[PDB]
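Right, I'll just put the structure down here and ask away after.
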Amino acid sequence: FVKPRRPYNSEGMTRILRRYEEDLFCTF
Amino acid sequence: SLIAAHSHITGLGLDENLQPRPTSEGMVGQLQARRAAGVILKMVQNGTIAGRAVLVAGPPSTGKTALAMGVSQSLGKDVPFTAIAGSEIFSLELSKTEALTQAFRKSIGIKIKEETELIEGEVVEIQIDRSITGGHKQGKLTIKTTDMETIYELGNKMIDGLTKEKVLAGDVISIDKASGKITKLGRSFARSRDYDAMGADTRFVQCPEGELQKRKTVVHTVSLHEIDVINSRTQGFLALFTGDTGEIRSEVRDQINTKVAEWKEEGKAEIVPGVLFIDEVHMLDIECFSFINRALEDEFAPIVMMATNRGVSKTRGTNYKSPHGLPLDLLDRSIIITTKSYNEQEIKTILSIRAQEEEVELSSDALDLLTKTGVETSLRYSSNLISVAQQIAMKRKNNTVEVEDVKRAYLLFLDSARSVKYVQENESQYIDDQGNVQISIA
Amino acid sequence: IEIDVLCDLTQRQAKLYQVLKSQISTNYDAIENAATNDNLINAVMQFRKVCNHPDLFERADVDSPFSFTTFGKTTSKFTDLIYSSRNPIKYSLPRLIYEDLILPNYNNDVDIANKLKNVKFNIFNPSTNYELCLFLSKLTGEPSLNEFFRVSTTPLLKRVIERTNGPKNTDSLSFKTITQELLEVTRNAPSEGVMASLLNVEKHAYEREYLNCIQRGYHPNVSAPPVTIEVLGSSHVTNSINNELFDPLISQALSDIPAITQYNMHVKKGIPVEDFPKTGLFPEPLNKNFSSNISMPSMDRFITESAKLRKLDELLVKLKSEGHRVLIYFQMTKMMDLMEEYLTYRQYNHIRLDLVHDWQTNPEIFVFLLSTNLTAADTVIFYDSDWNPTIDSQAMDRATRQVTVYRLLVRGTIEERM
Amino acid sequence: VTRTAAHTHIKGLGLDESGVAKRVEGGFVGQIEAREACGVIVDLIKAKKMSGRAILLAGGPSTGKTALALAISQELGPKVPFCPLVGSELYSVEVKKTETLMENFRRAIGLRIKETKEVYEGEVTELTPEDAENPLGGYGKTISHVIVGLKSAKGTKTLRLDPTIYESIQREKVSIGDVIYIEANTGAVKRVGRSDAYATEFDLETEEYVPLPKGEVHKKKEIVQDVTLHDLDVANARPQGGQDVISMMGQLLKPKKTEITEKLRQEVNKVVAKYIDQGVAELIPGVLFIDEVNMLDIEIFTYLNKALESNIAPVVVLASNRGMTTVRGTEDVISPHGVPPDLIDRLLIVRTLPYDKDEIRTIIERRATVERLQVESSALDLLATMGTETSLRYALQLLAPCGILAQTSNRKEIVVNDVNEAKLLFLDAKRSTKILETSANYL
Amino acid sequence: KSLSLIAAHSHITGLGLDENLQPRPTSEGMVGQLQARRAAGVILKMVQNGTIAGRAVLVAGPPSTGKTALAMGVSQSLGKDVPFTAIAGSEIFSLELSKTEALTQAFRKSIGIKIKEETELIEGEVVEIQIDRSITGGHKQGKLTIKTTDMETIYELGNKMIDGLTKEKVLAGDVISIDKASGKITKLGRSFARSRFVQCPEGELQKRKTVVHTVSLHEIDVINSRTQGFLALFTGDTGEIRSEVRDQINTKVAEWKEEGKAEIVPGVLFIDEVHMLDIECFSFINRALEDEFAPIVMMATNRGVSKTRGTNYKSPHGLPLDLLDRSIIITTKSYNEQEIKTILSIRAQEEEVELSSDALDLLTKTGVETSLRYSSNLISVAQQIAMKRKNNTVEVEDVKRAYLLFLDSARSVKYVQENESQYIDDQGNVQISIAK
Amino acid sequence: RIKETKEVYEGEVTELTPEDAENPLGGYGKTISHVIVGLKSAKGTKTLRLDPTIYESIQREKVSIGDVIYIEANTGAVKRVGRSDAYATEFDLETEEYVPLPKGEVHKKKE
């Protein structure tokens, strides 16, 4: 069977999102 | 590029039966030395034996370093050829034995087999999660081709390579997994809303099709000294460029030798030995010769080629005179190639080839007078006069060198022998060995 | 149809072979003669143990440096693991030297002389040497005239840590060199720029020769902490040594803060980012492999360390592709266990010596392990090959298809003369 | 196939069980009395009872002294430490030559230690730090403790850590889903790699994927280590391997040789003696070989007379090729073998005799079959005649140009014409010297 | 303790002397040399009295005549807690220290300061450890039951002792030592309960032990100089300690001696092959002996009327006349047959070699003819020839076999002069070919 | 002899605002979509639309309204030249140096 993906934990960390139409930047 | 002394020599000029042609690959004459050098070339190409000393001996201006560059040019790529002079061993931060050990270990190449994976496609989404201070970085990369799509996981080096040469969700990138290289090939999405803080004019490439991930076998050659310097301390890769490798301990070298034999045993690596060329080998101390005599007997030893232009002269560090400036222990374990002086036709062919390399057109009578002055004086003087005569002929606005141009070049620029003659009639004008000089003209 | 396979000794196998040869003090002829005849049997048992697999003579384990330590060890809803590594060498110091030479008291003048030499007769003091400070501020461009007194009375590592790139005024004597001007442009510059590529020789040489996938060749032999100085009867000595060995500023500098703690400090406590302790000053290693001196055992060296196991791994692929059923023969059970765990690593369908008709009925099972009626076998293999015909004849007797035997032999050992 | 370099046809002394040297055994031809003396020396080293015993191998050039040194090294085996050295290696620009000699003296001593190790290992399940009350207090850390949960086969253990261990844990760059390995002796952490319990094909960091470790999380294992006394001295002089700041910054500084004091060596000796007395360690004394001992000056010799009298000194084998020569560093002292008479009184000299025509011929025979070459009988006679006329080494090296010249004519066998062609192409010392004496401009 | 194989001076345990400082013919491993042993005994009493400072004594004689043996006898007769420094003449030509600085460090390693202090320690066997923790672990309470063979007690513990017991994991049945003022706890081992092993302590649990320290003046100089730590005493990078801190250490040591907190224990510096120093070193040594904190310097040399280094003239003993004017000289003499045979028998007894009488006579004869060291070298290489034929006692044939296999000075010299064309001479000439 | 083309934006800052997105993400504050920065120089004024990742460099170089800055094209990576000369005498005692307002247009490509 298909093995589960590794857990992803991003707590208290900024984020930079880059998409086709719009770029975000989430800050604290 | 630019024109050097041995820019006309590309190879050794030999047949399949190791027989020299009279004129081939920029080399003319010197048949026996070229045949012996071809034998040494096949000895290196076999890779079976280790630690052979070859001595090249002859008078000056005969073709010693010409033979060395012929061997290096016929040796091919990926085989190391370390060329040092006799005076580079003396250092203020390295001992003589340490410098010779590093010169020995620079001439042994380790060819490593590496399995890599290549990923090319269009970037769909980049998510980057960083800490507040910006030290810890993690994220995800969403890449696509025509048929496939896969969300990957990134680490610190991938985000560092992604922020450098910024990719912007629609660029086409190529990822090398083993070398860690991010290469931007172009842009295909053609996003309408571009907040132009930049003057990017990126190429319009097609979106690639087929498999996203592809395996590939690569090969790269590294030296034994480079593995030692990398494994010596924490920042040895910098010391491969700054030369801050101060007296690497012996334990590092034993462990590197054992690990290299282990890598040979799994078929991951192989050992490609090369040639170390020591020019002007008479400028070495007796301790260096005593070290070389026992450093030639190791498993990882290259073929050592030495060039000497000296007769029965004093060995450095001692008070006795020995043949070739070398002690008899070093001469016992060496095979000597003897190089001979030239005729006039060889000098003419040398001057014609050196004129063809410098793109300088010579007349017939200019060639005969340059041949005559290269026979009476040395050959290097007549080779040096060619560019000067070309500039003299270019002053008169004609693109051919005549007898008048080379005659003016001979008048303006002096030989050695005419300089000795002019100094010896005017010894009062020049400062002697005792410090006396007459400066006043009356 | 008898096939013999020869493989050369590996480096480790030759190492324990030479150790066993040098151990019994040069009596190899009688060893070989009475090994061929079949006390001395216990002497040649080690020889065939080395010739089979080097793990029987000595099992390979974790490769680490020798720890020159005395620490808190166990003599056997959480547990505490506290750092307690020390050095076995102790330097003993009397209390009198400390109390009358390093600590201030009423009968000595440590602090008075320290103040006189460091504050009063300091030549960067603006209370007495204002002209020198003004001259130096015109020279350097420092906005403060107390900078030189601060620099001259602080240690170097602290000066490296809290160094901040503050602005300096233009009307000064300090400059920008062309090397620094070349350095500052390519700090954030992308690829394919001419200046950027001319200033990035080392990274291109790193990425061309594949240096993030190379292996570590050297590790140290002994690792040892600093020599522990003890003074009997003094808490001050212990506090001073703990402050020097575990200085919080440098220890924080060579580490980093966790991200959730940074979130709790910035948001839940209102500490600005400029007030955070400086962190992340440790140099990056070359690879992931270069970060530590401990090397774990790998299941790629386990195959290659035995020439017989390597040759059998190469031989098993062709028999797997041709779809036969292979019989492997042994003499001991330790090698039986070793080959069982190797086969479970390779995940081959195998059974170990009600099993007979299971072997004939099911064709999915590939390797049968046996120790010295199986008509379904096609290829029989002698690992520990002995040329006694009494055992070999019955081993081929218990084995319609073509029957091929294989013998794994090692060059230059007891088996080659066998 | 395999590589050879002026040796590796020598596998040992080739003695019997009574110490009698057979004529052609072990790759050795002749030198029977020297081989017997070296065998007695090998037994003396194996006796493990004496200290500071020195021999000298005295003879001419190309007579078999280095061959005897590697024969002694192969007879003693890989367990016994053997330290080869040329006399030019003692002159270091970093430290004085006395310290280099004493460093090699301590390097020629072995030690086999059985060391126990406390190991925590497993796959990281949780990673949760707890915060301090006042992070900006100046004294103290930002965190107080970190809870790490490790799981393995038949086990799951919850660990509470001090900050000093967790600094090393985060320096190894662990994450949730990582198999780690913690050493309790020094605080070292090794991150093995990713666990295979999750997906594999979704990474970009060329990682290696390991299964869950066997056994319990907390372990005690026994490791046999092979160290030298120089390793202990170097590891104590420049300390690394602790998690404290001074050892933490000792890894980043550029290494440099220093003058190790006598006090440190005495303390290291005391620790090793306490290890031996508890039945843990075992002492393996070894051999130091100094080839070309005539390159030493009078200061290193005068220090050798003091360093030989220590109660921990190894067996030191010297080699010379000197007649009645002046010692370096002196002007008027003339001594046998270039070695001063205050040291010669403490040596035992072993003579090494030259060869005959038959010995030269059979040495060429073994060097031919080791290099994988086939020679005719007449070519072998011509090579032996050359070896008597000029040198044994010159006849030895001329084999591979003859093999190349035989292969280039589509042949395997070496004939007389190939030897004559290699005679013409390559010269020796005597012919080149005769060309040098009769030459125009210092050829 | 003090691992050692066999040394050349391993049979010397001291000077064999009576209560009237008279030498026995054979005692404590020393035979012969009666006047030299008497002079060394007078020098030993001079060191033991400790009322004089900085006097130089030269031991001079022919080679292989008991000089380093006399130094070893003095060093063994001094015993422990008195400094003995032994350097060679080539040990001060360093690359990071000057010659006078290295000589000053060698001088100051030979003077000690004796300090007696008392510290209170607790040692015993752990019976039961109870530790109670809260939910957050902020406050911890504990009890410790410990015992000796004479008493048992229970202790209420605080927080930091609980943390120092959790670290360095202590279970029941371990023998531990606790220092209260420093918080240092060392596990001595485990007791006699098999179910390392040491005995249970006896007597009082709370004991005051007086420990006698001896610290050299070089150590206090390195510690008081703030430019380097105490780790330079082990690594060896002190780097030209300034003079001023040496005056402060001298004044503080004089103050401690006047107040009664310390006493000076002077020692001996031994310089072997003293002729290999330079003229600057001799000039420094001339004035370094006139200090109150100066040891007694023993110098050994074997040269006679040779060139003094750094000069171009020749002097007796290789030393200039100013240094010889400040010295008293002990002269060693050559040995006889009986003393040679007694030395050979003592050496053979120390190497566990059983010798026949005739083998001993052959060794004595070849020691008189050639050298004492050559016979002492053959006396242990003949045992392996004896054990090769599977016997215990070394007989005459083994000694003859060792004499044939291993050469001495004179035979090797004879073979070199009879075959001089096969060796490399001063002119770099050699003949390696056999024919022509 | 190396030749290069630099495209650069410089001038006095008239406005400096981070624009919030249409739909904010939970768990964060200040989800920015673009940063609007207005530049003013001699005979010129131009308002720019920038990446949100220029805002951390804005906070890093401590750029407020009134300072003169220096924006190069491909890298972003602002750096504060100084304060304008028109704001020189707002305070009696201060340090921020005062450089003149730049000449030419705010957009220039120089070789």
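For reference, chains read A, B, C, D, E and F in written order, and residue numbers begin at 1 within each chain.
Note that a contact is a pair of C-beta atoms (placed from the backbone, for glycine too) under 8 Å apart; a residue touches a chain by one contact, two chains touch by 3 or more.
Undergrad: Keeping to the contact definition above, tell me which chains border both subunit E and subunit F.
TA: Touching subunit E as well as subunit F, we find B, C.
Undergrad: Is the C-beta contact count larger for B-C or for A-B?
TA: B-C is joined by more C-beta pairs in contact.
Undergrad: Roughly how far is subunit B from subunit D, going centre to centre by Cα mean, in whole Å?
TA: So the centre of subunit B lies 31 Å away from the centre of subunit D.
Undergrad: Subunit A to subunit F: how many Å between their CA centres?
TA: Chain centroid spacing, subunit A to subunit F, equals 29 Å.
Undergrad: Indicate the whole-number Å distance between the mean C-alpha point of subunit B and the mean C-alpha point of subunit E.
TA: The computed centroid separation for subunit B versus subunit E comes out at 55 Å.
Undergrad: Quick one: subunit C and subunit E, Cα centre-to-centre, how many Å?
TA: From the centre of subunit C to the centre of subunit E is 39 Å.
Undergrad: Could you list which residues of subunit D touch at least two other chains?
TA: 61-62, 93-94, 202, 206, 231, 236, 252, 264, 267, 321, 391
Undergrad: Which residues of subunit B are in contact with two or more other chains?
TA: Residues 131-132, 136, 153, 157, 178, 180, 232, 234-235, 251, 328-329, 332 of subunit B each touch two or more of the other chains.
Undergrad: Enumerate the residues of subunit C that touch no fewer than two other chains.
TA: 71, 73-74, 80, 82, 89, 188, 190, 212-213, 221, 226-227, 256-257, 259-260, 262-264, 266, 283
Undergrad: I'd like to see which chains touch which, written out pair by pair.
TA: A-B, A-C, A-D, A-F, B-C, B-D, B-E, B-F, C-D, C-E, C-F, D-E
Undergrad: Which of the residues in subunit D end up touching subunit B in this complex?
TA: Touch list, subunit D to subunit B: 1, 3-8, 61-62, 66, 86-89, 91-94, 202-206, 231, 251-252, 254-257, 291-292, 295, 321, 371, 391, 393-394, 397-398, 400-401, 404-405, 408-409, 424-429, 431-433, 435-437, 439-443.
Undergrad: Tell me, which parts of subunit C touch subunit F in their complex?
TA: 143, 167, 169-170, 187-190, 193-195, 198
Undergrad: Where on subunit A does subunit C make contact in their complex?
TA: Touch list, subunit A to subunit C: 11-13, 28.
Undergrad: Contact residues on subunit B for subunit F in the complex?
TA: Listed in rising order, the residues are 195-200.
Undergrad: Which part of subunit A faces subunit F closely enough to touch in the complex?
TA: So the residues of subunit A touching subunit F come out as 14-16, 22-28.
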